[PDB]
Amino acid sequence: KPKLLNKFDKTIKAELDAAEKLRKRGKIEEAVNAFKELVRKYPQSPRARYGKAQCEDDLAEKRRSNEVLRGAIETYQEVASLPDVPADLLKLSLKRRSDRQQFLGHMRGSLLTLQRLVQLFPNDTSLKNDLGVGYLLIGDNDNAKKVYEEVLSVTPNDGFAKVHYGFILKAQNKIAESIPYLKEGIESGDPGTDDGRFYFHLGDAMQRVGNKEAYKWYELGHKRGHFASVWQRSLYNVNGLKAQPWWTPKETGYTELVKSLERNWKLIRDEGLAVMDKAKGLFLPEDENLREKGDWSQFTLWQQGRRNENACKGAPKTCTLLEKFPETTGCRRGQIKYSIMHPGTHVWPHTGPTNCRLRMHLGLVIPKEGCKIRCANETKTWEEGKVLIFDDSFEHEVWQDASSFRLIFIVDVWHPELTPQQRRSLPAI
């Protein structure tokens, strides 16, 4: 269906097809060399060049090799450098280049390619949308917003652009404004809109404004396979792991860790209190837009399975104690952190990103009244020197209505049913 052959490539269509035949039959090495031969004999042929690039792409998959893929990425660029490239081929080649650059994590590279694509095909909305995603992937939400604003100024009902514009609005705490975009975008059914991130954030935006319909969106998102359940809405999962909002120490099997935290809780407390008194800047304000009101800060010792060595200078005995416990210090999808919350705080219902961790809370300074935590349909309280354990992939909510501060220690562990193999392999979060 796409027109990939310029005047000269039609005259060599038989050689080009012979080479492509080798690739589709999976004889990648013979195909690479066939297209190399063609490139040598016709160094200006765009189709030969693209064939070389595609073989390199398949070869990188075969060998699971980033270096080979970097080669393909340059060859996709060479296609675009050549004279007289058909438009369909130019677009395919540079689109694939950008997609593979992102796969390698070369987000700035991809962004340049996507900027080139939009300059070349100024009327192609899909490419402007793809450019916005490039900006989102490097964290440049300001530029992404400008991109989707442009798309929407010309195609107001582009559903991809709507859900992404809503995502950005929601991330900027423009909660009410984001709802119609997220909802209309999802309802559009356009390609790219049936994504759990948009169900997640529409339901959450609705919860925050007191809209009764949030859970209809959670229910639909579960029906469409994005959520394990209405209550458990994490999006980076291993399917099959036991799903329970509240866990006992014995259920987790990490009984030695719980015993050490409870037997040694006062030293953990005291180092936190010392940091609060003498190094308060190690406590950093929560910054994921999870508070309705109030004050909540965290002092993080491990994140993504990596010890923060300066932070551990502030809690050296605690860090020494925890090092005996690789189920938490090597939990590359969780953290180890102190968490202080003050009266007048309400943490919004929310879900963590992954079902691969369980969250332990050790009480350190717990006022006698006013502090509680809900996970799914059950609310509990903390106790000094005692551990609670919940699955924070379930929706949870916290209130602090005491008359003094409340300090806990948070210790994430790998979900117990994850094998050593998965624990070594899952990408960090």
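For every residue, the number given is its place in the sequence shown, counted from 1.
S.K.: State which stretch shows the higher mean Cα B factor in the entry: 45 to 53 or 28 to 36.
M.R.: It is 28 to 36 that shows the higher mean C-alpha B-factor.
S.K.: Please compare 216 to 224 with 193 to 201 and say which has the higher mean C-alpha temperature factor in the record.
M.R.: Stretch with the greater average CA B-factor: 216 to 224.
S.K.: Report the option among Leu59, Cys371, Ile389, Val365 whose CA atom has the maximum B-factor in the deposited record.
M.R.: In this record, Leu59 carries the highest C-alpha B-factor of the candidates.
S.K.: Just to confirm, going by the entry's C-alpha B-factors, which of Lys128, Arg233, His346, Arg306 comes out highest?
M.R.: Answer for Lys128, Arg233, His346, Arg306: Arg306, with the highest C-alpha B-factor.
S.K.: Using only modelled residues of the chain, where does the Cα B factor of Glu384 rank: lowest third, middle third or highest third?
M.R.: It falls in the bottom third of the chain.
S.K.: Against its chain's modelled residues, does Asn377's Cα B factor rank lowest, middle or highest third?
M.R.: For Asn377, whose C-alpha B-factor we compare with every modelled residue in the chain, the answer is the middle third.
S.K.: Looking at the entry's B-factor column for C-alpha atoms only, identify whether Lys280 ranks in the lowest, middle or highest third of its chain.
M.R.: It falls in the middle third of the chain.
S.K.: For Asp158, does the deposited CA B-factor place it in the lowest, middle or highest third of the chain?
M.R.: It falls in the middle third of the chain.
S.K.: Mind checking which third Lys317 falls in for C-alpha B-factor across the chain?
M.R.: Bottom third by C-alpha B-factor.
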